[PDB]
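Protein chains get the first letters and strands the later ones, always in sequence-line order, with residue 1 at the start of each. First listed ligand is number 1; within each ligand, the first listed atom is number 1.
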Amino acid sequence: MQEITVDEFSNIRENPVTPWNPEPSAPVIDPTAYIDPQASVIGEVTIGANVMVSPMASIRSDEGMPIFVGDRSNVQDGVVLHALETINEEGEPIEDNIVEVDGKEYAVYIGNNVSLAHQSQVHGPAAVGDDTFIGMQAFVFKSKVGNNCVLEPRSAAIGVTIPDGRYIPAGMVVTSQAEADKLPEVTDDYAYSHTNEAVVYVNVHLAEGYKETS
Amino acid sequence: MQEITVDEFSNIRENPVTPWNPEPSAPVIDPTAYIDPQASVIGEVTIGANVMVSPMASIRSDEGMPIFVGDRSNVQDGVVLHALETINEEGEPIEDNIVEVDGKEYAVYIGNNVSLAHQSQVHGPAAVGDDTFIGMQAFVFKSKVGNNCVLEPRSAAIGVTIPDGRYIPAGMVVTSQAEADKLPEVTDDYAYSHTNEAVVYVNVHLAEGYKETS
Amino acid sequence: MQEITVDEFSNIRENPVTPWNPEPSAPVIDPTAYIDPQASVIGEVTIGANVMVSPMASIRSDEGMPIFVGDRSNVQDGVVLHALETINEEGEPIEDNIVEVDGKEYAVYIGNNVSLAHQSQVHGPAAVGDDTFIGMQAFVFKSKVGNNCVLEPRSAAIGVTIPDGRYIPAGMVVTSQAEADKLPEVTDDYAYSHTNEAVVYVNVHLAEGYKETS
Ligand SMILES: [Zn+2]
Ligand SMILES: [Zn+2]
Ligand SMILES: [Zn+2]
């Protein structure tokens, strides 16, 4: 009604100046990544090559920072990436909210060949190791998910470390290290054992096809 | 900041050319459906009459296709529809990812008078029968939900067939046919027994009112 | 592809004329609130001072109304606010879908200093009392959540009243008053005991910083 205006704006933007961010940062996005026009990418974000960011995803590095998404990974529709404050006001380092991967600090670290499937969320401090599938509507927060893992749909990892090569059964919310330690292993015969590689192959190809439409 | 540009684009678009999609398709949307400007609808999609598609929904038919949404159905805010690859690269048919309804093949089939309530998701291969309510934040994947069903909020159906007229209690994740077979029946006295008809009546009327604003 | 057009529109709009809404309403938003350009705010909505509304949130007051969001509260990315019909067609009051707070009627009432964290949802009829954190992916519907509460991530409150100062453990879906009555108390040592105040401080400051970018 009356169409207030026409709402003009860029969906890829710098974060705002705040008490913890004196110097604004703009996303560093590989020329081969595809960012949908209806996705949002704000602030100190690194996006790797051949990544596909789908409609309605929101990657916002304005509190905890930086947020990194490795090569050939995909951030599906409605996926949110955001993180707890990583810097104080007396100095910086709020170490409990900072994750460390290959000698570098991140608020959120999403490795290479990782699928963040539709409506999932990874909230920092968090790390997700290469070749892992984070299923539809799943949730990772204050956790480190190893490589070659599978979070089935609606699973969650909160305050834990998921060892390499394990999976979390659909609907299960893992909140203790004891339970993370006991998760089942991905084997050749497991139902999601080949899911991530298929999804990554598909999404690298969708990123290229969509790049050819812009 | 600096407003990179002004991000110009159409929210109703064709899917990209890929190895499994040599010929791009654009959505076929009944003139009486309403697509919110902040919803996204991509690729080989059929949208029926009087359907309301709300803000932030994402209907994306660029992998598995086609995605159909029957007459007088509604796709609420933040709802995602997407599907696994339905075609190979040696020919087409990836039959396990294709659902069959009234002699036609679909990646996702949403019947008539179906409510996909806010932030729910239906991921193909999947079918949802007429007059069913898919509740807020619910999830359907690799499943066939019968007609006159009710997925309460946060329920899920994965790899199963939900018989006609049953409901899934809030929060319950159904992953086996044994459990789907035992779901409770919708009766006149059940709390969500009249919910879908009310929602459909409302949403057909919202679609018309919103059409009068464009 | 072919970019149908350029999709021009306002993300802050009036609700449509319907059988239950003869007179359209436009949002009343305090000059100090920040509404992201990729959020949607429709209809009879009141937004308080210093509120931050993030990308992909959808606040839609076109069925049940009004929807109020108190001062210094935040509506994070992908959060949906919507509500069941509050008025009939023979008169108005559908009292079971109307919540009452300080002598005023609302379809959804979000108090002051409340955090609706990413991808959560509050569906009316519902009220959320001051200083409460509604966690990531959580859900509140047909419920009254007291003040100083914490809904951990993926918790839910449906058809219940959550007493003041209690929390709901991650993943738990509370559907009966008996269970709401037995929830645990927020104590100084509880893991989310200081979470809301931190989040509100942060989000008031982000709202101001983002306002300085528009
Ligand atoms: Zn956050
Ligand atoms: Zn998908
Ligand atoms: Zn609703």
Side-chain angles (χ1 to χ4, degrees), chain A residues 52 54 58 60-64 67 74 76-85 97 107-108 115-126 133 135-136 141 153 195 198-199 202-203 206, chain B residues 52 54 58 60-64 67 74 76-85 97 107-108 115-126 133 135-136 141-142 153 195 198-199 202-203 206, chain C residues 52 54 58 60-64 67 74 76-85 97 107-108 115-126 133 135-136 141-142 153 195 198-199 202-203 206:
Chain A
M52 173 60 273
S54 294
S58 182
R60 182 161 68 90
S61 188
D62 55 4
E63 183 186 329
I67 291 177
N74 51 86
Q76 299 178 23
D77 316 67
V79 169
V80 174
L81 302 182
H82 195 243
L84 299 172
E85 212 196 323
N97 284 343
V108 176
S115 295
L116 303 187
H118 318 274
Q119 300 176 327
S120 62
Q121 173 178 165
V122 177
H123 197 282
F133 178 81
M136 305 76 181
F141 170 48
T195 299
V199 176
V202 167
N203 284 264
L206 285 165
Chain B
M52 173 60 273
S54 294
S58 182
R60 182 161 68 90
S61 188
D62 55 4
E63 183 186 329
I67 291 177
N74 51 86
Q76 299 178 23
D77 316 67
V79 169
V80 174
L81 302 182
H82 195 243
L84 299 172
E85 212 196 323
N97 284 343
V108 176
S115 295
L116 303 187
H118 318 274
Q119 300 176 327
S120 62
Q121 173 178 165
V122 177
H123 197 282
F133 178 81
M136 305 76 181
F141 170 48
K142 296 180 86 177
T195 299
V199 176
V202 167
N203 284 264
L206 285 165
Chain C
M52 173 60 273
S54 294
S58 182
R60 182 161 68 90
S61 188
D62 55 4
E63 183 186 329
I67 291 177
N74 51 86
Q76 299 178 23
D77 316 67
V79 169
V80 174
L81 302 182
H82 195 243
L84 299 172
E85 212 196 323
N97 284 343
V108 176
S115 295
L116 303 187
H118 318 274
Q119 300 176 327
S120 62
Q121 173 178 165
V122 177
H123 197 282
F133 178 81
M136 305 76 181
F141 170 48
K142 296 180 86 177
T195 299
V199 176
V202 167
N203 284 264
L206 285 165

**Request:** Using the six-membered ring wherever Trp is involved, compare the ring planes of B:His118 and C:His123 and label them parallel, tilted or perpendicular (cut-offs 30° and 60°).
**Result:** tilted

**Message:** Tell me whether B:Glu63 contacts the main-chain N or O of B:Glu85 through its side chain, where contact means a donor paired with an acceptor under 3.5 Å.
**Reply:** yes

**Message:** My understanding is that only one of C:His82, C:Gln121, C:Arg60 makes a side chain to side chain donor-acceptor pair (under 3.5 Å) with B:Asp77; could you say which?
**Reply:** C:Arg60

**Item:** Sub-2.8 Å protein N, O or S atoms surrounding the Zn ion (ligand 1)
**Value:** A:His82 ND1, A:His123 NE2, C:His118 NE2

**Message:** Using 0.5 Å steps for rounding, measure from the CG atom of B:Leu116 to the CE atom of B:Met52.
**Reply:** 12.5 Å

**Request:** Compare all side-chain heavy atoms of C:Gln76 with those of C:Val199 and state whether any distance is below 4.5 angstrom.
**Result:** yes

**Message:** So does A:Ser120 get a backbone contact from the side chain of C:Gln119, meaning a donor-acceptor N/O pair under 3.5 Å?
**Reply:** yes

